[PDB]
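Each chain, written out:
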There are 2 protein chains.
Amino acid sequence: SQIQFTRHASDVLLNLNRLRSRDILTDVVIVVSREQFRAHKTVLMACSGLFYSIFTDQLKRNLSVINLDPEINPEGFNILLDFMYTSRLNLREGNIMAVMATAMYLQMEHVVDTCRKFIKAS
Amino acid sequence: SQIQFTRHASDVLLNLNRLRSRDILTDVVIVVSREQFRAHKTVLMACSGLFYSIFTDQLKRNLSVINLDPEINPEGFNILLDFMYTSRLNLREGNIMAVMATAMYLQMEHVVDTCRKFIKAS
Ligand SMILES: O=C(Cn1ccc2c(=O)[nH]c(NCc3ccccc3)nc21)Nc1ccncc1Cl
Ligand SMILES: O=C(Cn1ccc2c(=O)[nH]c(NCc3ccccc3)nc21)Nc1ccncc1Cl
Ligand SMILES: [Cl-]
Ligand SMILES: [Cl-]
């Protein structure tokens, strides 16, 4: 019965990315080797099984700094964080493996599934 | 060049609504007459010119309680908050006027514009 705004979700995500771009209401720093990335936990939780599981745990939910696995590649992480906030995944031959393995670690199964299709599409 | 996930934004919004439903990482209470509504400021800012303007102001950005104009109808507010988090607007003859006037106050111009089309479509 309700009216559907078909661009509203993407508009929200776009604005949330603009907020990240300005460091407005970001509440966590993700450290990946020597790089740091600020983000909104709510967005992370919405997009990643690893961050969902971390922050739903009232023991961890107020963490302000998350140190990721040192083996994780920051470029892979950065590509996935961009994806979270934009719905666009920058998959390329030079990065498919680091992205796929990072998406496995972050428990982003649709992305991993898409990464497999990409290998299969060559 | 990048791969577009066409359902990702709506999936994010759906998960953010589930987080609200569980009061996970909500950081503001909106008081409207005798009713209270918890929400995420980031979502509010993304969807409303009034909340954007309030919370971008470093003077107001850490407010945990916002008292809205007492004349605002809580049902109208509640319909608009649901819309923010779902992209579905529950517009009905019994509520078009309270929704439109609430959307004016919250500076949700596409919604106001849509409310006018609704009156014109009768
Ligand atoms: O679903 C998410 C995060 N997420 C995104 C893709 C994706 C994924 O592929 N596998 C997982 N495995 C862990 C898990 C599985 C089901 C629900 C929750 C977590 N998790 C993912 N978060 C969420 C769920 C329900 N309510 C609010 C929120 Cl924020
Ligand atoms: O646009 C919004 C909020 N919003 C949603 C619909 C809507 C609206 O119809 N009129 C207004 N008038 C005030 C305004 C006008 C332009 C930008 C910002 C505020 N504001 C709206 N927020 C935002 C913008 C840029 N970067 C990050 C964010 Cl969160
Ligand atoms: Cl801030
Ligand atoms: Cl919480």
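Residues numbered from 1 in each chain as written, not as in the entry; some residues may be left out. Chains lettered and ligands numbered in written order. Heavy atoms only, no water. Residues with missing side-chain atoms left out of burial classes, pairs and counts.

If you check the header, you'll see the entry was determined by X-ray crystallography and the resolution is listed as 1.62 Å.

**Student:** When you look at the site of ligand 1 in this model, what are you seeing that I'm missing?
**Tutor:** Close to ligand 1 lie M45, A46, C47, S48, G49, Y52, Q107 and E109 of chain A together with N15, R18 and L19 of chain B, which account for all nearby residues. In this structure, ligand 1 sits where chains A and B come together, each supplying nearby residues. Separating a nitrogen atom of ligand 1 from a backbone N or O atom of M45 of chain A is a distance of 2.9 Å. Within the contact set of ligand 1, a nitrogen atom lies 3.5 Å away from a backbone nitrogen or oxygen of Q107 of chain A. The fraction of the free accessible surface of ligand 1 (560 Å²) that becomes covered by protein chains is 65%. Elements supplying a minimum of two residues to the shell around ligand 1: helix 2 (41-47) and helix 3 (49-56) of chain A together with helix 1 (8-21) of chain B. (Near = heavy atom within 4 Å. Polar contact = N/O pair within 3.5 Å; in protein donor to acceptor, adjacent residues only side chain to side chain. Areas by Shrake-Rupley, 256 points an atom, 1.4 Å probe, with all protein chains shown as cover. Helix = DSSP H or I, 4+ residues; strand = E, 2+ residues; numbered from the N terminus.)

**Student:** Hey, could you run me through the packing of aromatic side chains in this one?
**Tutor:** Aromatic rings in a pair are described by how distant their centres are and how their planes are angled relative to each other. Scanning the entire structure with this criterion turns up 8 aromatic pairs over all chains. Aromatic side chains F51 of chain A and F77 of chain A sit 6.5 Å apart centroid to centroid with 75 degrees between the ring planes, which places their arrangement in the edge-to-face category. Within this pair, whereas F51 of chain A is found in helix 3, its partner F77 of chain A is found in helix 4 (residues 74-86), the two being separated by 26 residues in sequence. Plain terms: the ring middles of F51 of chain B and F55 of chain B are 6.2 Å apart, the flat faces sit at 10 degrees to each other, and that makes the pair stacked. Of this pair, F51 of chain B and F55 of chain B both sit in helix 3 (residues 49-56), 4 residues apart, which is roughly one turn of that helix. Per residue, the accessibility class of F51 of chain B equals that of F55 of chain B, and both read buried. (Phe/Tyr/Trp six-rings, centres within 6.5 Å; stacked < 30°, edge-to-face > 60°. Buried < 20%, exposed > 50% of the residue type's maximum accessible area, 1.4 Å probe, protein only.)

**Student:** Can you walk me through the site of ligand 2 in this structure?
**Tutor:** Lining the immediate surroundings of ligand 2 are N15, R18 and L19 of chain A together with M45, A46, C47, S48, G49, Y52, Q107 and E109 of chain B. Near ligand 2, the surrounding residues belong to chains A and B. A distance of 3.5 Å separates a nitrogen atom of ligand 2 from a polar atom in the backbone of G49 of chain B. Between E109 of chain B and ligand 2, the recorded distance is 3.1 Å, taken from a backbone N or O atom to an oxygen atom. Out of a free accessible area of 560 Å², ligand 2 has 64% covered by protein chains. For the shell around ligand 2, the secondary-structure elements that each account for two or more residues are helix 1 (8-21) of chain A together with helix 2 (41-47) and helix 3 of chain B. Of the residues assigned to the shell around ligand 2, the class counts are 5 nonpolar, 4 polar and 2 charged. (Nonpolar A, V, L, I, M, F, W, Y, C, P; charged D, E, K, R; others polar.)

**Student:** Can you walk me through the relation of the copies chain B and chain A in this structure?
**Tutor:** These two copies of the chain differ by a rotation about an axis and a displacement along the same axis. For the pair chain B and chain A, the best superposition has an RMSD of 0.0 Å and corresponds to a rotation of 180 degrees with a translation of 0.0 Å parallel to the axis. Here the symmetry operator amounts to a two-fold rotation axis. Residue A9 of chain B of chain B places its C-alpha closer to the rotation axis than any other residue of that unit, at 2.6 Å. The overlap is high: 100% of the interface residues of chain B also sit at the interface in chain A, so the same surface is used on both sides. (Least-squares fit on C-alpha atoms. Contact = heavy atoms within 4.5 Å.)

**Student:** Please explain the interface of chain B and chain A as it appears in this structure.
**Tutor:** Note: interface size is frequently given as the accessible area lost on complex formation between the parts. Listed by partner, the interface residues are 38 residues for chain B and 38 residues for chain A. With both sides pooled, the region where chain B packs onto chain A buries about 3600 Å², and carbon together with sulfur makes up 67% of that total. Its largest share of buried area at the contact with chain A, chain B owes to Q2, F5 and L25 of chain B, together 19% of the area lost on that side. Counting across the chain B and chain A interface gives 0 salt bridges. (Buried area = accessible area lost by both parts, 1.4 Å probe. Salt bridge = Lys/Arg side-chain N within 4 Å of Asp/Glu carboxyl O.)

**Student:** Got a minute to help me understand the packing of helix 4 of chain A against helix 5 (residues 96-105) of chain A in this structure?
**Tutor:** The axes of two packed helices give the description: the angle between them and the distance between them. All names here are of chain A. Taken N-terminus to C-terminus, the directions of helix 4 and helix 5 make an angle of 70 degrees; their axes are 8 Å apart at the nearest point. On the basis of the axis angle, helix 4 is roughly perpendicular to helix 5. Contacts between helix 4 and helix 5 involve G76, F77, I79 and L80 from the first element and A98, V99, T102 and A103 from the second. The class makeup of the residues in the contact of helix 4 with helix 5 is 6 nonpolar, 2 polar and no charged. (Axes fitted to C-alpha atoms, helices over the stretch in contact; angles between N-to-C directions. Parallel < 35°, antiparallel > 145°, perpendicular 65-115°, else oblique.)

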